[PDB]
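Engineer: The following block contains the structure, expressed as structure tokens.
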Amino acid sequence: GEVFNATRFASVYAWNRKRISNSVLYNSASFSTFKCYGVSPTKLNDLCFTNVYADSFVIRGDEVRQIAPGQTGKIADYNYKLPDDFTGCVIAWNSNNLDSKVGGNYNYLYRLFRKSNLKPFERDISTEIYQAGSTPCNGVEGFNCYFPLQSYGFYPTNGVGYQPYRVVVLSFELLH
Amino acid sequence: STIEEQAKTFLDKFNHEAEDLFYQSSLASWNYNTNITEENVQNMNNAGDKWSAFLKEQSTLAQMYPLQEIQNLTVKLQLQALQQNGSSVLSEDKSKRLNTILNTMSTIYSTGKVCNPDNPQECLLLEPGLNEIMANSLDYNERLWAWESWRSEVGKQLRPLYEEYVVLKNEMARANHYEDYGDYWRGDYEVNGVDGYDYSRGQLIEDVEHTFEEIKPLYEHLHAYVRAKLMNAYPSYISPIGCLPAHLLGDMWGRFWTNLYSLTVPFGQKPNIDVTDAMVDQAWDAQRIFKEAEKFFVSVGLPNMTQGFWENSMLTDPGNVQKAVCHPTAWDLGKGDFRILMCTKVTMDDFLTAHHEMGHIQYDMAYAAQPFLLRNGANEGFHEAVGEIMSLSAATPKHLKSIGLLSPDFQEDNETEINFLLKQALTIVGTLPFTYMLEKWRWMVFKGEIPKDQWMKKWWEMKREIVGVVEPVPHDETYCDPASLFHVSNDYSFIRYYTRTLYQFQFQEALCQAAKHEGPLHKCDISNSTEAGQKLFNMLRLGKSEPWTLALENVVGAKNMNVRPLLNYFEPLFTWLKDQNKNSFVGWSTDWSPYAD
Ligand SMILES: *[C@@H]1O[C@H](CO)[C@@H](O)[C@H](O)[C@H]1NC(C)=O
Ligand SMILES: [Cl-]
Ligand SMILES: [Zn+2]
């Protein structure tokens, strides 16, 4: 009730892990996405697990498709990658009522450039300037030198594909 | 490492930053256009200046990536759109002067008046004072005064400026490796580096000139029939073998003969198909209209409007406290925001206009998934062509019967059909020789084929021969009559209005073909036809990411503009005109004029 109802979520590039281990979740019907890749939701509540981790962040509506194994793009390659053998669930719901203000909420950020793709469950919060040209940047922006992080602009009038969505990813140890 | 990869990265940065700044400008421009206040107009200018400054800065950075070293064409296109030099390539002295001319010419047209000789205090502007006369006066001398006094007072001011305007523009085009400023303008149809879709700049001349030849018969018989009917309204002044007096054509220039319907209506005593009464009698509102419009596009397989549209669009006049701008606009703010601004009223013209503007949204929505720089019509003609065909189908009594605005007991007699078809031709085919001739003049002026001491001569030589219109008062080179039109003094291309028309009817034939339409092309309704919707969608989704030739070919199956669909639309009128002209000369003589006597 404090990882789902938190009045602010983390930026996708700096996603927050919080260990949930301590059905009614899945019978809420207020979740826009509940896609599991290990076992059916009604089952895991009666299954054997030792560690349950909740990785939570906010992304665009169009980008929720990327929170899944095998996906590619900006969010998958550069922010939060799920492994092919992922055993867990992915939950998302529309957060326009909370994470979008009339002036425009630029608080949430994401990583736009990176030299290489993130490995599964890797996190990168480095603000080191991306070098796109042969000449090195030496820590200043300019021609062929871009600050890697970029800001999400969420307005209450934005389209659904551009509205903010709160995402929670459950990871299970799945002992054997 | 490669320049293409660098350009790929630069555009990736652009597309994300541009989408935001544009959406900021879009929100501010919206607030002003819906609530005209000193606060909202100051925000609109700041947001615009930010978007503009960003655009100029990106354009300068974009040139640092030479497109001579880029192969990915959808990238080469985006870079091409950014690094447009324009007047940057001119000297800073000349650039300063060219902009001074442009802003001077604009303000002469907009803030220039002429006072009538009878009362020196009641002075009239083109809008609304002079345009009201040209669109409602039946007096030969009143019309003559307004037509002449505008071209003599305001026009002569613009003559020395337009002469300077031609020189500086041509230096700007030769520096940009074009041949003349008209060649620069024809670039908006160019396509290079695609097998079988290349379209040279000089090709646009050949096509327009050859496609116009096939309109000449229909225009002559229309022109004959109008000069006939005008001889009844203005008895003594028109000759049945001569051109038409320019000040008698319904507007200030004879661009549209739309206003001549009251005098040229074939069967005047039959009513017009106007379901305005029928809508009010069923208590329709703007909501019901846009629902039916939304319902129309869904019937062919297109999505219904997003909930943002229904929640944010201005669909009525917001009272009298706050003032909007009811000029029907269809907004593509970005970030998935789509809106129609319209002070809708329960009429038929608005019902049609709603289908027209929603078609603009449909086009805007279908390419929204394209990169930012490629969210636009395939060319300058495509967007209005799409919006117009949505009013063609919606207007037919077939469609009006489908939705209950017309009783299934309707009489579609040949007479009201021709009444409507004549009304159409006055606007649609009337402007086609006008638009052609006006651009062809500029095309020879920019190329140097018309010396400065023959501007006004060659102007009326072609107004006589091509348009069939003659000046009521002779004009030497102290005049500049083409500059008396908005699109010429305000530096805008004009051939877009010719192509937009031909494109419009190309789409409508191909869609009504896929829709298995039986009878003539002018009674067609593409509603409930998913084959037509798909055939249209495969062009809308493209935006301007592929050559306009291919985008056109996705609808009609051919890679080039064509006019025979337009003629096919008007062919029932063509025969009726041919029959009513048996007792009248068809064609004109370029020698009769009212002033020479
Ligand atoms: C150009 O780059 C885009 C980048 O997304 C790619 O999708 C496209 O296939 C490229 N075009 C080529 C290689 O012809
Ligand atoms: Cl975020
Ligand atoms: Zn329009």
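Chain labels run A, B, ... following the order of the structure tokens; each chain numbers its residues from 1, and ligands are numbered from 1 in the order shown.
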Return the neighbours of chain A among the residues of chain B, cut-off 12 Å, counting only C-alpha atoms, as an MDAnalysis selection string.
Structural biologist: chainID B and resid 1:24 26:28 57:58 60:65 305:313 332:339 365 368:369
Engineer: Hey, which residues come within 8 Å of ligand 1 if we count only C-alpha atoms and all ligand atoms? Could you give them as an MDAnalysis selection string?
Structural biologist: chainID B and resid 8 71:75
Engineer: Taking only C-alpha atoms into account, which of A:11, A:79, A:28, A:56 comes nearest residue 122 of chain A?
Structural biologist: A:79
Engineer: Return as a ChimeraX atom specification every polymer residue, whether protein, DNA or RNA, with at least one atom no more than 8 Å from an atom of ligand 3; count only C-alpha atoms and all ligand atoms.
Structural biologist: /B:328-330,356-357,360,383-384,387-388
Engineer: Sort by chain and increasing residue number a table of all residues of chain A within 6 Å of ligand 2, each with its closest pair of atoms and their distance in Å to one decimal, counting only C-alpha atoms and all ligand atoms, and write it as a Markdown table.
Structural biologist:
```
| residue | atom | partner | partner_atom_place_in_ligand_line | distance |
| --- | --- | --- | --- | --- |
| A:11 | CA | ligand 2 | 1 (Cl) | 3.3 |
| A:12 | CA | ligand 2 | 1 (Cl) | 4.3 |
| A:58 | CA | ligand 2 | 1 (Cl) | 4.6 |
| A:59 | CA | ligand 2 | 1 (Cl) | 5.2 |
| A:108 | CA | ligand 2 | 1 (Cl) | 3.9 |
| A:109 | CA | ligand 2 | 1 (Cl) | 4.4 |
| A:110 | CA | ligand 2 | 1 (Cl) | 5.5 |
```
